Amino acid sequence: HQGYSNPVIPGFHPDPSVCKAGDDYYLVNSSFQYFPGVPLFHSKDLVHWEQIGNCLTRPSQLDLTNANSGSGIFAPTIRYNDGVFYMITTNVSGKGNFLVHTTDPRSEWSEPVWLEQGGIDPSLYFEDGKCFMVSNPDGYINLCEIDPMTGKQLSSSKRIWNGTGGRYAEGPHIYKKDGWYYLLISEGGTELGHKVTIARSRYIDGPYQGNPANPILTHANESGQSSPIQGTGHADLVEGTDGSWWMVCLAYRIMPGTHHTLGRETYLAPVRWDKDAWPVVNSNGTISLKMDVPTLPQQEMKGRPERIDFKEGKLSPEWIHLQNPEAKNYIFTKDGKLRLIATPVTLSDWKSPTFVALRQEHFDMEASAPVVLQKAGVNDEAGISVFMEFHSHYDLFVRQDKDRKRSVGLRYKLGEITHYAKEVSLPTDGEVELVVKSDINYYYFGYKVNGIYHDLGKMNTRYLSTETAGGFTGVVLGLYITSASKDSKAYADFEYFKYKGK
């Protein structure tokens, strides 16, 4: 009933959108180049969320050909109307705006319904048995009516608002309250200028008048300059079960030199919204890591195990691949291990490697996995990658050398630099566990064999940040295998993956 910590969904979880279905809440984030796409969460209190799935789970729903951290799936919106859930988003590397739908969030969602109106950040609003679509073609928020089952546009597109004048007017959502249509948007860009603004009109098609108190949420001003949270925006308003009001939004946690490696994460703010008043977010349009505020009655949910095993023969919804995966290269062994089949595709090829990953969700964490490389030719490797983009990743691996010898290697890829930090000979026998630790300043790398941990050294976090590397994503920690020999049939078994955040 009182108190929570932000972010409510840590790590790479941007552009949150939320809907209420009775006493259940469902939330979606953008996923860019990763498959499956559009993680789907469930909560009873808005504070604790369980990843129950992903909306885009089949290749036919999600073409990721040549997708990267600056493309693929952009902001999604989720809405619930008359027993049907709708997830509407843009595939920027593919065919653009579309939705998928289902009567059961945990099931396989529909095939894509492709939509006519352009721009990005498509969103839906329902009234009087009609479905209204907004999006932002040419930097104008445009409104139309659609049949959401067929994708047919039923009225012409009308321009309605283009914000208060801030850059990149986007993330439009319509709500109706107290006889007003409210249009909530983001301005200022998704970096340090991010801000939430709002306007209203008696008519859905305008004219919209901006809140004299805009912006309603931002850390861009003097009031936010000292905050460890920055870039607050891309919000979605939602009603509490007790009649209170809330917004979910994106933001990020800054690091020395103005860097962020954990991506844009999902945050929660209380909203005062009296009858016939404009909404006010958390008194002064800011948020904090510790939120000492009343809440809906709190119910804890299932989270990431500290030791994930592969005995059930299914990866959880949290695991993600690069672009569309070669599904045959991920298999489960008789004795319940994850088996990755090698291909020659490296982590710098801008194509899908045999690679499967979990989002890093804490500044301070330790991740590890045992690695059993088998049937390997010389230079074949398997291990863990701290991965931001195809040109920006740190690789820790067991490599097959000549004469049945092996070694542990540590390779940093940063644009034109491919830097071998360490190459250390392994003992002929002994199961190797690879270990990656971090704090806000460094990644630390090591390996454990025969009960002894060896330090391989450290590398700066900043070179993998969004500010350095570009794109719209966060660091993921990936298990991978790459072959680099004649006709290799190499594979590697991973018995578990350990992750613990401080």
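Start at 1 with the first residue shown and count on from there.
Per the PDB record, of the two stretches 151-159 and 279-287, 151-159 carries the greater mean B-factor over its C-alpha atoms. Taking the PDB entry as given, 417-425 carries the higher mean Cα B factor of the two stretches 417-425 and 215-223. When the Cα B-factors of 83, 171, 263, 189 are read from the PDB record, 83 comes out highest.
Of the candidates 234, 321, 167, 351, it is 351 whose Cα B-factor is highest according to the PDB record. Among the modelled residues of the chain, residue 14 sits in the lowest third by CA temperature factor in this PDB entry. Among all modelled residues in this chain, the alpha-carbon of residue 107 has a temperature factor (C-alpha) in the highest third. Split the chain's modelled residues into thirds by C-alpha temperature factor. Residue 59 is in the middle one.
The PDB entry assigns residue 481 a C-alpha temperature factor belonging to the middle third of its chain's modelled residues.
The deposited CA B-factor of residue 343 belongs to the middle third of values across its chain.
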